[PDB]
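The data block below is final19.cif; it holds mmCIF, N, CA and C atoms.
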```cif
data_coords
loop_
_atom_site.group_PDB
_atom_site.id
_atom_site.type_symbol
_atom_site.label_atom_id
_atom_site.label_comp_id
_atom_site.auth_asym_id
_atom_site.auth_seq_id
_atom_site.Cartn_x
_atom_site.Cartn_y
_atom_site.Cartn_z
ATOM 1 N N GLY A 1 151.365 28.028 131.746
ATOM 2 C CA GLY A 1 152.634 27.187 131.887
ATOM 3 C C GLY A 1 152.520 25.711 132.082
ATOM 4 N N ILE A 2 151.957 25.016 131.129
ATOM 5 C CA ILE A 2 151.812 23.539 131.269
ATOM 6 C C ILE A 2 153.182 22.907 131.503
ATOM 7 N N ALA A 3 154.175 23.377 130.813
ATOM 8 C CA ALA A 3 155.539 22.808 130.968
ATOM 9 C C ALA A 3 155.999 22.938 132.417
ATOM 10 N N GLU A 4 155.742 24.050 133.020
ATOM 11 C CA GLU A 4 156.165 24.245 134.428
ATOM 12 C C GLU A 4 155.463 23.206 135.315
ATOM 13 N N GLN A 5 154.288 22.780 134.936
ATOM 14 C CA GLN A 5 153.568 21.760 135.753
ATOM 15 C C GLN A 5 153.782 20.379 135.131
ATOM 16 N N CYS A 6 154.107 20.341 133.869
ATOM 17 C CA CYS A 6 154.349 19.042 133.185
ATOM 18 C C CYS A 6 155.846 18.830 132.969
ATOM 19 N N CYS A 7 156.653 19.708 133.487
ATOM 20 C CA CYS A 7 158.124 19.551 133.335
ATOM 21 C C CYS A 7 158.769 19.546 134.724
ATOM 22 N N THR A 8 158.137 20.167 135.688
ATOM 23 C CA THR A 8 158.705 20.187 137.065
ATOM 24 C C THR A 8 157.913 19.216 137.945
ATOM 25 N N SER A 9 156.791 18.751 137.464
ATOM 26 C CA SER A 9 155.969 17.794 138.262
ATOM 27 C C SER A 9 155.747 16.517 137.434
ATOM 28 N N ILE A 10 154.530 16.221 137.046
ATOM 29 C CA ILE A 10 154.285 14.992 136.242
ATOM 30 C C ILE A 10 152.992 15.165 135.435
ATOM 31 N N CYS A 11 152.733 14.273 134.513
ATOM 32 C CA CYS A 11 151.477 14.383 133.710
ATOM 33 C C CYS A 11 150.843 13.009 133.519
ATOM 34 N N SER A 12 149.614 12.997 133.088
ATOM 35 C CA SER A 12 148.907 11.715 132.827
ATOM 36 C C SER A 12 148.404 11.727 131.390
ATOM 37 N N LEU A 13 148.321 10.581 130.798
ATOM 38 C CA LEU A 13 147.877 10.491 129.380
ATOM 39 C C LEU A 13 146.527 11.177 129.174
ATOM 40 N N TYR A 14 145.810 11.473 130.216
ATOM 41 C CA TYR A 14 144.510 12.159 130.009
ATOM 42 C C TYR A 14 144.723 13.608 130.349
ATOM 43 N N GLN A 15 145.567 13.832 131.291
ATOM 44 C CA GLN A 15 145.902 15.205 131.668
ATOM 45 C C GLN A 15 146.594 15.836 130.473
ATOM 46 N N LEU A 16 147.328 15.040 129.743
ATOM 47 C CA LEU A 16 148.020 15.558 128.549
ATOM 48 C C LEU A 16 147.028 15.558 127.404
ATOM 49 N N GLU A 17 146.036 14.727 127.505
ATOM 50 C CA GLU A 17 145.002 14.684 126.457
ATOM 51 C C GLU A 17 144.121 15.925 126.611
ATOM 52 N N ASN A 18 144.109 16.498 127.788
ATOM 53 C CA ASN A 18 143.262 17.703 128.022
ATOM 54 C C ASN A 18 143.893 18.928 127.363
ATOM 55 N N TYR A 19 145.167 18.885 127.100
ATOM 56 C CA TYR A 19 145.824 20.058 126.461
ATOM 57 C C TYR A 19 145.759 19.918 124.940
ATOM 58 N N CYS A 20 144.781 19.217 124.431
ATOM 59 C CA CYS A 20 144.686 19.063 122.951
ATOM 60 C C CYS A 20 144.009 20.293 122.351
ATOM 61 N N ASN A 21 144.426 20.691 121.182
ATOM 62 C CA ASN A 21 143.815 21.884 120.543
ATOM 63 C C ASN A 21 143.889 23.067 121.511
ATOM 64 N N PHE B 1 152.944 5.952 128.820
ATOM 65 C CA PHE B 1 152.897 7.083 129.790
ATOM 66 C C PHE B 1 152.952 6.530 131.214
ATOM 67 N N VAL B 2 153.678 7.176 132.085
ATOM 68 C CA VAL B 2 153.777 6.682 133.486
ATOM 69 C C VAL B 2 153.693 7.867 134.456
ATOM 70 N N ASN B 3 154.463 7.844 135.512
ATOM 71 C CA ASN B 3 154.428 8.971 136.483
ATOM 72 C C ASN B 3 155.763 9.709 136.425
ATOM 73 N N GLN B 4 156.087 10.263 135.292
ATOM 74 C CA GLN B 4 157.382 10.975 135.156
ATOM 75 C C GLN B 4 157.152 12.427 134.709
ATOM 76 N N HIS B 5 158.198 13.216 134.730
ATOM 77 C CA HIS B 5 158.092 14.644 134.311
ATOM 78 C C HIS B 5 158.164 14.715 132.784
ATOM 79 N N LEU B 6 158.046 15.885 132.212
ATOM 80 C CA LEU B 6 158.094 15.981 130.720
ATOM 81 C C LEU B 6 158.861 17.224 130.279
ATOM 82 N N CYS B 7 159.070 17.346 128.994
ATOM 83 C CA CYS B 7 159.780 18.528 128.432
ATOM 84 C C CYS B 7 160.361 18.159 127.064
ATOM 85 N N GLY B 8 160.304 19.064 126.128
ATOM 86 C CA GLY B 8 160.844 18.775 124.772
ATOM 87 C C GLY B 8 159.945 17.764 124.055
ATOM 88 N N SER B 9 160.532 16.876 123.299
ATOM 89 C CA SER B 9 159.719 15.866 122.565
ATOM 90 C C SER B 9 158.922 15.022 123.557
ATOM 91 N N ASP B 10 159.406 14.880 124.757
ATOM 92 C CA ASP B 10 158.666 14.063 125.761
ATOM 93 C C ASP B 10 157.256 14.626 125.928
ATOM 94 N N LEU B 11 157.134 15.918 126.000
ATOM 95 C CA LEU B 11 155.791 16.524 126.167
ATOM 96 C C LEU B 11 155.008 16.410 124.857
ATOM 97 N N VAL B 12 155.657 16.564 123.736
ATOM 98 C CA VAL B 12 154.919 16.453 122.444
ATOM 99 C C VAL B 12 154.582 14.983 122.179
ATOM 100 N N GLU B 13 155.527 14.102 122.369
ATOM 101 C CA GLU B 13 155.248 12.661 122.130
ATOM 102 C C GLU B 13 153.983 12.267 122.899
ATOM 103 N N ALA B 14 153.716 12.930 123.994
ATOM 104 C CA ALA B 14 152.490 12.611 124.773
ATOM 105 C C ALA B 14 151.333 13.415 124.193
ATOM 106 N N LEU B 15 151.524 14.694 124.023
ATOM 107 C CA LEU B 15 150.447 15.534 123.451
ATOM 108 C C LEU B 15 150.102 15.023 122.048
ATOM 109 N N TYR B 16 151.099 14.682 121.275
ATOM 110 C CA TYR B 16 150.833 14.183 119.895
ATOM 111 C C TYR B 16 150.086 12.848 119.952
ATOM 112 N N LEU B 17 150.407 12.011 120.901
ATOM 113 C CA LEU B 17 149.718 10.691 120.988
ATOM 114 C C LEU B 17 148.344 10.856 121.637
ATOM 115 N N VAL B 18 148.164 11.886 122.410
ATOM 116 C CA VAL B 18 146.845 12.098 123.069
ATOM 117 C C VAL B 18 145.991 13.013 122.195
ATOM 118 N N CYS B 19 146.621 13.878 121.455
ATOM 119 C CA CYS B 19 145.858 14.809 120.582
ATOM 120 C C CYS B 19 145.866 14.296 119.141
ATOM 121 N N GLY B 20 146.991 14.365 118.485
ATOM 122 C CA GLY B 20 147.061 13.881 117.078
ATOM 123 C C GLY B 20 146.385 14.888 116.146
ATOM 124 N N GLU B 21 145.126 14.690 115.857
ATOM 125 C CA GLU B 21 144.411 15.624 114.942
ATOM 126 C C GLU B 21 144.120 16.945 115.655
ATOM 127 N N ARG B 22 143.812 16.905 116.922
ATOM 128 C CA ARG B 22 143.522 18.158 117.652
ATOM 129 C C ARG B 22 144.831 18.881 117.979
ATOM 130 N N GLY B 23 145.940 18.391 117.488
ATOM 131 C CA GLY B 23 147.238 19.059 117.781
ATOM 132 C C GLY B 23 147.297 19.403 119.269
ATOM 133 N N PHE B 24 148.249 20.197 119.676
ATOM 134 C CA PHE B 24 148.333 20.559 121.117
ATOM 135 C C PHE B 24 148.626 22.052 121.264
ATOM 136 N N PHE B 25 148.497 22.568 122.456
ATOM 137 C CA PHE B 25 148.758 24.017 122.679
ATOM 138 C C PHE B 25 150.239 24.230 122.984
ATOM 139 N N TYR B 26 150.722 23.599 124.011
ATOM 140 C CA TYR B 26 152.158 23.744 124.381
ATOM 141 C C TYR B 26 152.503 25.226 124.549
ATOM 142 N N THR B 27 152.727 25.657 125.758
ATOM 143 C CA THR B 27 153.073 27.087 125.986
ATOM 144 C C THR B 27 154.545 27.196 126.392
ATOM 145 N N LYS B 28 154.965 28.349 126.835
ATOM 146 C CA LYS B 28 156.383 28.516 127.255
ATOM 147 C C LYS B 28 156.551 29.838 127.994
ATOM 148 N N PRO B 29 156.206 30.914 127.326
ATOM 149 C CA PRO B 29 156.369 32.257 127.886
ATOM 150 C C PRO B 29 155.161 32.627 128.750
ATOM 151 N N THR B 30 153.976 32.411 128.247
ATOM 152 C CA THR B 30 152.759 32.750 129.034
ATOM 153 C C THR B 30 151.722 31.635 128.877
#
```

Spit out the file's structure as C-alpha cells when you get a sec.
Amino acid sequence: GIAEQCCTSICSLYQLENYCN
Amino acid sequence: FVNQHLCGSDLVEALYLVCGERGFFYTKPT
C-alpha cells in the first residue's frame, strides 16, 4: 500500500524514486 | 516535490518524474 503511506502521509522524490519498476 | 501527501496523478507525476523509463509499481488493493 504505497498510496496508504504516500496518500495519508507524505513522500520524497527519492522515496518515490524507490518505487520505480 | 515537497512535504505533501499524494494520490492520483500527484503520485504518478512524482513516480513518472522519478522513474520515467523504469515506470512505477503503484498499488491499491494489495

Using all atoms listed in the file, what does the table of chain B residues within 6.5 Å of chain A look like, with each row giving the shortest atom pair and its distance in Å to one decimal, sorted by chain and ascending number, as a tab-separated table?
```
residue	atom	partner	partner_atom	distance
B:1	CA	A:13	N	5.8
B:2	C	A:11	C	6.0
B:3	C	A:10	CA	5.5
B:4	C	A:10	CA	4.1
B:5	CA	A:10	CA	4.3
B:6	N	A:6	C	3.8
B:7	N	A:7	CA	5.0
B:14	C	A:16	C	5.8
B:15	CA	A:16	C	5.2
B:18	CA	A:17	CA	4.6
B:19	CA	A:20	CA	5.0
B:22	C	A:21	N	3.7
B:23	C	A:21	N	3.7
B:24	CA	A:21	N	3.9
B:25	N	A:19	C	4.5
B:26	N	A:19	C	6.2
B:27	N	A:2	N	5.5
B:28	N	A:1	CA	5.7
B:30	C	A:1	N	4.6
```

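Backbone DSSP over chain A gives helix (DSSP H, G or I) for residues 2, 3, 4, 5, 6 and 7 of chain A.
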
Might I get the box with edges along x, y and z of the file that holds all atoms of region 10-21 of chain A listed there, padded by 6 Å on every side, given as centre and edge lengths in Å to one decimal, as lines of an AutoDock Vina configuration file?
```
center_x = 148.9
center_y = 16.8
center_z = 128.8
size_x = 23.3
size_y = 24.6
size_z = 28.5
```
